[PDB]
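One chain follows as structure tokens, the form deposited in one PDB entry.
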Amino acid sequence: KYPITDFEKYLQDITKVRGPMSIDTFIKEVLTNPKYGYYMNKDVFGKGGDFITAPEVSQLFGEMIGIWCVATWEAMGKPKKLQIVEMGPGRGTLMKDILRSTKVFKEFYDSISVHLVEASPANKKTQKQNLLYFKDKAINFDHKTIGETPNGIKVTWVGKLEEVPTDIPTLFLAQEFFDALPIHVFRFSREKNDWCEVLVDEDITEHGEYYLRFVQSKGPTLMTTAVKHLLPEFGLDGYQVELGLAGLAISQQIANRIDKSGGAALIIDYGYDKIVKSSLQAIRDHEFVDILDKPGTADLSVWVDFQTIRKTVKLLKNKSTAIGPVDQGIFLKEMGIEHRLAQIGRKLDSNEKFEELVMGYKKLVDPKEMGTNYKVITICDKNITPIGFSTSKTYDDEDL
């Protein structure tokens, strides 16, 4: 035990009036609740911005994504206006590396504007500070939703993808974004020959462990019935799956935007080319903890189901398709990262700086590091061949 937090008391109250809550609802509350959220007001973590992401590991990573943006823009017929959208830019490191490294491509750089989709006002402020040129001392970061980069590239912040202008060809970047979206969890009961949903209820049992607990819905919930067509047909008892419905909805918005106005999305994340049975994890001060251990104090994440993203896009039966996933290591090698590593290394004379650069390269591409756990998938037009996906597989059962 420990004594009951105010956020736990509040979540218990929801279960008393509304019944046990879906894991989707729980993840939204735990992250984004105004008063007790993790993503909204955590404050003062260990080290400087929480965790090791790929942009912060190497400039190599952002330069390669930059090359992908330019090559894809070329493959689209070099449109005079191109939007670049990023989902959850973090501190803005990725965007900064892209905008730095793609300045040399004059024709490309003259066509771009940037749109960052960001819900957190804290991250918004950090991104603005990281990306913008400022002419005034007093900056209120909330009335500043449009800005200019020091190279004069326009950057606009919006809360949701829906708010991004339509009818312009668009690149979409989602880097470690889908792993932080809510999921639902379902499990099959042979005792009721059907799927149940896994819910979070209050835990007042005589020797429970925490103040919340996982329960199985009595029958199928309305969500179970609504998504039955996405679940396995194989009813094995206790078989459990995670479904990233929030992410599937975003995948459809991107696919449909691309069908209408052209474009391409690059989704990079840790995950699998199959249904993910169990992956929801809670990390607090760099230690794995239980999900229901003081909720709101720990960062929740999931491993991404790339397969269901792919099938969902394909099921739209429009001009869009999804190709991949391919491993991050293979993707980046195919983009020319080894050549760039050597070029950057030759300009450096330090050896200490070169050793650091090579380790960052190894962290990105080695199979024991991020090389295989991290994967890349593209949502794009059927008729424009994607860049960096030559090793993508063919999925016969899903192409008629």
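Shifts are known only where both forms have a C-alpha. Definition used throughout: the rigid core is the maximal C-alpha set that superposes within 1.5 Å between two forms. Quick note: we count residues from 1 along the sequence shown, nothing fancier.
Just so you know, the form deposited in another entry exists too; it's not on screen, but the next bit is about it.
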- Message: Once the rigid core is superposed, exactly one of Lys137, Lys106, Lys274, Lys80 has its CA displaced by 2 Å or more between this form and the one not shown; which residue is that?
- Response: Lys137
- Message: Does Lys47 shift between this form and the one not shown by 2 angstroms or more at the C-alpha, the core having been superposed?
- Response: yes
- Item | Relative Cα spacing, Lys294 and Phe45, in that other deposited form - shift of 3 Å or more | farther
- Checked in that other deposited form: CA of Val302 to CA of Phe45 differs by 3 Å or more, atoms lying farther
- Okay, core lined up, where does the chain shift between this form and the one not shown, counting runs of 3 or more residues with each Cα at least 2 Å away? 43 to 48, 136 to 140
